[PDB]
Amino acid sequence: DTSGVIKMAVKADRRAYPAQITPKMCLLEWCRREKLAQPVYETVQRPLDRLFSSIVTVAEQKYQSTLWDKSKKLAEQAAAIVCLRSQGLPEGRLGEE
């Protein structure tokens with residue numbers, strides 16, 4: 001139910017333009033709207049490879065990509081995508097009310 005880790009093969013990409021909606025923004029809005037504690041990101045490293053991964057915790061469930069990134073920032077975005085994408089949520093859409 002809320003134990004272990006949910007995983008997806010996700011590699012995040014850099015922002016195409018500075019005003020782009022990122023998966024991290026979508027995950028904050030979702031947690032806000034669902035009345036959940038904000039996401040908690042935890043960095044995992046493979047220093048010999050200069051590799052990074054991130055585990056994101058949302059509603060007591062851990063989320064993580066199956067892929068490592070050279071960027072800590074991109075690994076956090078990848079963890080956010082797995083969280084959204086595995087739940088059927090949009091990763092580039094926010095509400096204007």
# chains A, B, ... in the order shown; residues from 1 in each chain; ligands from 1
call {"tool": "closest_atom_pairs", "arguments": {"of": "segment 9-77 of chain A", "to": "segment 93-96 of chain A", "cutoff": "8 Å", "atoms": "only C-alpha atoms", "output": "tab-separated table"}}
result
residue	atom	partner	partner_atom	distance
A:21	CA	A:93	CA	6.8
A:25	CA	A:94	CA	7.9
A:26	CA	A:94	CA	6.3
A:29	CA	A:94	CA	7.2
call {"tool": "write_last_selection", "arguments": {"atoms": "C-alpha atoms", "output": "short mmCIF file (atom, residue, chain, number, x, y, z; two decimals), in the first residue's frame"}}
result
data_model
loop_
_atom_site.label_atom_id
_atom_site.label_comp_id
_atom_site.auth_asym_id
_atom_site.auth_seq_id
_atom_site.Cartn_x
_atom_site.Cartn_y
_atom_site.Cartn_z
CA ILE A 21 6.29 24.45 -15.63
CA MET A 25 5.93 22.62 -9.38
CA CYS A 26 3.15 20.11 -10.36
CA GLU A 29 0.38 21.98 -6.36
#
call {"tool": "select_by_dssp", "arguments": {"residues": "segment 7-97 of chain A", "states": "strand (DSSP E or B)", "output": "PyMOL selection string"}}
result
chain A and resi 7-8+40-46+51-58+61-65+69
call {"tool": "residues_around", "arguments": {"residues": "segment 30-42 of chain A", "least_positions_apart": "4", "cutoff": "10 Å", "atoms": "only C-alpha atoms", "output": "CSV table (one decimal) with N, CA and C atoms, in the first residue's frame"}}
result
chain,number,residue,atom,x,y,z
A,24,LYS,N,8.4,19.4,-10.5
A,24,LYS,CA,8.5,19.7,-9.1
A,24,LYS,C,7.3,20.7,-8.7
A,25,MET,N,7.0,21.7,-9.6
A,25,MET,CA,5.9,22.6,-9.4
A,25,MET,C,4.6,21.9,-9.3
A,26,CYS,N,4.4,20.9,-10.2
A,26,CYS,CA,3.2,20.1,-10.4
A,26,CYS,C,2.9,19.3,-9.1
A,53,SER,N,20.7,10.1,-7.9
A,53,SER,CA,19.3,9.6,-7.9
A,53,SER,C,18.6,10.3,-6.7
A,54,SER,N,17.3,10.4,-6.7
A,54,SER,CA,16.5,11.0,-5.7
A,54,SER,C,15.3,10.2,-5.4
A,55,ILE,N,15.0,10.1,-4.1
A,55,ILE,CA,13.8,9.4,-3.6
A,55,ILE,C,12.9,10.5,-3.1
A,56,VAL,N,11.6,10.6,-3.7
A,56,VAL,CA,10.6,11.6,-3.2
A,56,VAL,C,9.6,10.9,-2.4
A,57,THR,N,9.2,11.4,-1.3
A,57,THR,CA,8.2,10.9,-0.4
A,57,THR,C,7.0,11.8,-0.4
A,58,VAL,N,5.8,11.3,-0.8
A,58,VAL,CA,4.5,11.9,-1.0
A,58,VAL,C,3.5,10.9,-0.4
A,59,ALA,N,2.7,11.4,0.6
A,59,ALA,CA,1.6,10.7,1.2
A,59,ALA,C,2.1,9.3,1.8
A,60,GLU,N,3.3,9.3,2.4
A,60,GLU,CA,4.0,8.2,3.0
A,60,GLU,C,4.6,7.2,2.0
A,62,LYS,N,7.2,6.2,-1.1
A,62,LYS,CA,8.5,6.5,-1.7
A,62,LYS,C,8.5,6.3,-3.2
A,63,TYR,N,9.0,7.3,-4.0
A,63,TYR,CA,9.1,7.2,-5.5
A,63,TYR,C,10.5,7.5,-6.0
A,64,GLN,N,10.9,6.7,-7.1
A,64,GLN,CA,12.2,6.9,-7.6
A,64,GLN,C,12.3,6.4,-9.0
A,75,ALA,N,17.8,14.8,-11.2
A,75,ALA,CA,17.4,13.6,-10.6
A,75,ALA,C,16.2,13.8,-9.7
A,76,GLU,N,16.0,15.0,-9.1
A,76,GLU,CA,14.9,15.5,-8.3
A,76,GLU,C,13.7,15.7,-9.1
A,77,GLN,N,13.9,16.2,-10.4
A,77,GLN,CA,12.8,16.4,-11.3
A,77,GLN,C,12.3,15.0,-11.8
A,79,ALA,N,12.5,12.2,-10.1
A,79,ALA,CA,11.8,11.6,-8.9
A,79,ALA,C,10.3,12.1,-8.9
A,80,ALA,N,10.1,13.4,-9.2
A,80,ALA,CA,8.8,14.1,-9.3
A,80,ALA,C,7.9,13.6,-10.4
A,83,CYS,N,6.6,10.1,-9.5
A,83,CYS,CA,5.5,10.4,-8.6
A,83,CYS,C,4.2,10.7,-9.3
A,84,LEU,N,4.2,11.7,-10.2
A,84,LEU,CA,3.1,12.2,-11.0
A,84,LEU,C,2.6,11.1,-12.0
A,89,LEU,N,-1.2,11.7,-13.2
A,89,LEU,CA,-1.2,13.1,-13.0
A,89,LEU,C,-0.4,13.9,-14.1
A,90,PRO,N,-0.8,15.2,-14.5
A,90,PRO,CA,-0.1,15.9,-15.5
A,90,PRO,C,1.2,16.5,-14.9
A,94,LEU,N,-0.5,23.3,-14.4
A,94,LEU,CA,-0.9,24.0,-13.2
A,94,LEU,C,-2.2,24.7,-13.4
call {"tool": "closest_residue", "arguments": {"among": "A:87, A:2, A:71, A:61", "to": "residue 43 of chain A", "atoms": "only C-alpha atoms"}}
result
A:71
call {"tool": "select_by_dssp", "arguments": {"residues": "segment 29-92 of chain A", "states": "alpha helix (DSSP H)", "output": "number ranges by chain"}}
result
A: 29-33, 72-85
call {"tool": "atom_distance", "arguments": {"atom1": "atom CA of residue 85 of chain A", "atom2": "atom CA of residue 65 of chain A"}}
result
11.0 Å
call {"tool": "atom_distance", "arguments": {"atom1": "atom CA of residue 82 of chain A", "atom2": "atom CA of residue 1 of chain A"}}
result
16.5 Å
call {"tool": "residues_around", "arguments": {"residues": "residue 52 of chain A", "least_positions_apart": "5", "cutoff": "10 Å", "atoms": "only C-alpha atoms", "output": "JSON, numbers by chain"}}
result
{"A": [43, 44, 45, 46, 47, 67, 68, 69, 70, 71, 72, 73, 74, 75, 76]}
call {"tool": "write_last_selection", "arguments": {"atoms": "C-alpha atoms", "output": "short mmCIF file (atom, residue, chain, number, x, y, z; two decimals), in the first residue's frame"}}
result
data_model
loop_
_atom_site.label_atom_id
_atom_site.label_comp_id
_atom_site.auth_asym_id
_atom_site.auth_seq_id
_atom_site.Cartn_x
_atom_site.Cartn_y
_atom_site.Cartn_z
CA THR A 43 19.63 12.29 -2.66
CA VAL A 44 21.22 8.90 -3.43
CA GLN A 45 24.75 8.90 -4.93
CA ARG A 46 27.18 6.67 -6.84
CA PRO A 47 30.29 8.99 -6.39
CA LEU A 67 17.84 5.69 -14.02
CA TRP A 68 20.70 7.78 -12.60
CA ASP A 69 21.54 11.34 -13.68
CA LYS A 70 24.80 13.44 -13.68
CA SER A 71 22.75 16.38 -12.26
CA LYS A 72 21.33 16.34 -8.67
CA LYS A 73 18.64 18.83 -9.86
CA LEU A 74 17.58 16.66 -12.83
CA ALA A 75 17.38 13.58 -10.57
CA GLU A 76 14.93 15.50 -8.26
#
call {"tool": "atom_distance", "arguments": {"atom1": "atom CA of residue 6 of chain A", "atom2": "atom CA of residue 19 of chain A"}}
result
29.5 Å
